Amino acid sequence: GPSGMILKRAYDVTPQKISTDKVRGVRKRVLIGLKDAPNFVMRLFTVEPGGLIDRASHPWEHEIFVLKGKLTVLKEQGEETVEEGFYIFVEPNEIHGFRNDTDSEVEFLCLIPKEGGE
Amino acid sequence: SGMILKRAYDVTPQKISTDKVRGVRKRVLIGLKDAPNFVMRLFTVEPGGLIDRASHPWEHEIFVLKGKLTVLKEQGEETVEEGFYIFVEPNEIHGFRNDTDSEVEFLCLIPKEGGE
Ligand SMILES: [Cu+2]
Ligand SMILES: [Cu+2]
């Protein structure tokens with residue numbers, strides 16, 4: 001493929017609104033997307049206060065790193081909150097979701113294999 | 001289980017000190033034991049630390065978490081700060097240095113073919 005390196009301020013990517021049956025109060029920046037990625041993509045999610053990524057599962061994993069705030073993680077059984085500096089691994093097909101129960105924006109990096117989209 | 005939630009700091013850093021890498025610690029957050037496709041590491045570069053120029057047949061996806069990171073390119077260099085992401089194409093010459101007086105941290109993901 002192509003050569004070179006991209007170095008860019010993540011906030012120079014505009015946050016795009018995500019609105020689906022199971023997602024509300026969320027915006028996403030695609031940092032390293034399908035157009036460039038050999039294998040996996042990098043997104044930066046912003047969860048607004050009260051925003052919800054409701055429980056779901058899908059045939060690919062997540063690798064997540066929490067950048068800002070207190071994130072509530074929804075599990076098959078119950079929930080647990082983590083904060084900036086936590087990582088999360090979600091195996092393929094594992095039930096998961098996220099909620100922001102705080103009054104300030106939560107941000108996390110979320111990487112998936114590119115077969116799962118961007 | 002099917003979900004791991006952990007404070008990255010709690011993962012034991014590994015000291016690296018070789019002919020090409022000095023003053024660097026590496027945490028493997030999501031490693032080969034868990035990862036179906038790609039691995040997640042967190043590097044700490046001490047003041048004056050160096051990851052010297054190299055290339056390899058896999059990409060890097062990096063996010064700068066803390067500090068001012070000097071990025072070595074095939075020729076020359078570029079400094080970036082916390083809040084920058086870096087995509088290094090496969091085979092591109094790259095490395096890293098910390099010219100500041102405090103620790104620099106960055107997240108670094110590679111496909112599993114690259115090891116952890
Ligand atoms: Cu998901
Ligand atoms: Cu490298």
Side-chain angles (χ1 to χ4, degrees), chain A residues 10 28 30-33 37-45 47 53 56-69 71-76 79-98 106-118, chain B residues 1-16 21 24-32 34-45 51 56-66 85-88 90 96 104-116:
Chain A
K28 180 181 76 174
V30 177
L31 304 190
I32 308 171
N39 290 298
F40 60 92
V41 295
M42 181 187 280
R43 301 92 54 81
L44 194 163
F45 283 84
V47 189
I53 301 168
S57 65
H58 38 66
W60 59 86
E61 69 277 17
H62 290 292
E63 304 195 12
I64 287 164
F65 190 95
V66 185
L67 295 172
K68 180 178 169 185
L71 185 65
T72 301
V73 182
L74 310 181
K75 304 182 293 182
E76 181 160 0
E79 61 191 45
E80 176 182 358
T81 48
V82 301
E83 65 189 358
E84 167 184 4
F86 274 66
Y87 69 92
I88 304 170
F89 175 65
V90 189
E91 80 179 36
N93 309 304
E94 186 63 31
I95 291 158
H96 62 287
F98 310 99
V106 170
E107 300 176 349
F108 61 92
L109 289 171
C110 189
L111 301 100
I112 60 174
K114 69 179 189 167
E115 65 199 60
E118 69 182 17
Chain B
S1 69
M3 187 185 300
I4 298 165
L5 302 85
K6 186 172 172 178
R7 185 188 302 277
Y9 168 88
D10 288 346
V11 175
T12 307
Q14 308 171 38
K15 294 191 280 172
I16 317 297
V21 175
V24 172
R25 297 149 73 88
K26 174 177 93 164
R27 288 174 167 89
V28 177
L29 308 185
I30 308 169
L32 293 174
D34 290 306
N37 289 297
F38 58 90
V39 294
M40 183 190 281
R41 305 97 60 75
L42 194 161
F43 283 87
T44 305
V45 191
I51 302 163
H56 37 68
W58 53 86
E59 70 277 18
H60 283 290
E61 304 197 7
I62 286 160
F63 194 95
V64 184
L65 294 170
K66 176 183 174 175
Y85 74 92
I86 305 171
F87 172 50
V88 184
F96 306 99
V104 168
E105 293 177 1
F106 62 89
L107 208 66
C108 191
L109 301 99
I110 58 172
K112 67 185 182 25
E113 63 195 80
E116 44 175 54

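Just so you know, these numbers use all the heavy atoms, side chains as well, and skip hydrogens, waters and symmetry mates. Per chain, numbering begins at 1; letters A, B, ... match sequence-line order.
- To the nearest 0.5 angstrom, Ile64(A) atom CD1 is 8.0 Å from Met40(B) atom CE.
- Applying the salt bridge (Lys or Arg N to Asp or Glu O under 4.0 Å) test to residues at least two apart or on different chains, the pairs with a partner in residues 4-16 of chain B are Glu83(A)-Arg7(B).
- Residues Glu91(A) and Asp34(B) are not in side-chain contact: their nearest non-hydrogen atoms beyond the backbone lie 4.5 Å or more apart.
- You'll find the side chain of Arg41(B) reaches within 4.5 Å of the side chain of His60(B), heavy atoms only.
- A search for side-chain hydrogen bond (donor to acceptor under 3.5 Å, both in side chains) contacts involving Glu59(B) returns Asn39(A), not counting sequence neighbours.
- Interatomic distance, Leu65(B) CG to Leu107(B) CG, rounded to the nearest 0.5 Å: 5.5 Å.
- Under the 3.5 Å distance criterion, the side-chain polar atoms of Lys114(A) are matched with a main-chain donor or acceptor of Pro38(A).
- Looking at residues two or more places apart in sequence or on another chain, you find a side-chain contact (heavy atoms from CB on, under 4.5 Å) between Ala8(B) and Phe65(A), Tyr87(A), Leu29(B), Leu42(B).
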- Item | Intermediate values then yes/no, side-chain contact (heavy atoms from CB on, under 4.5 Å), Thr44(B) and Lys66(B) | CA-CA 9 Å; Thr44(B) 305; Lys66(B) 176 183 174 175; over 6 Å; no

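- In terms of modelled atom types and a separation under 3.5 Å, the side chain of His96(A) and the main chain of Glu94(A) share a donor-acceptor contact.
- Within the 4.5 Å cutoff, no side-chain heavy atoms of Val11(B) are placed close to those of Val28(B).
- One N or O on the side chain of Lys26(B) and one on the backbone of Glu116(B) form a donor-acceptor pair closer than 3.5 Å.
- Taking each heavy atom of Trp60(A) and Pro113(A) in turn, the nearest pair found is CB-CG, 3.7 Å.
- Aromatic pair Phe108(A)/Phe98(A): ring centres closer than 6.0 Å.
- With sequence neighbours left out, the ring pair (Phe, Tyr, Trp, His ring centres under 6.0 Å) criterion links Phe87(B) to no other residue.
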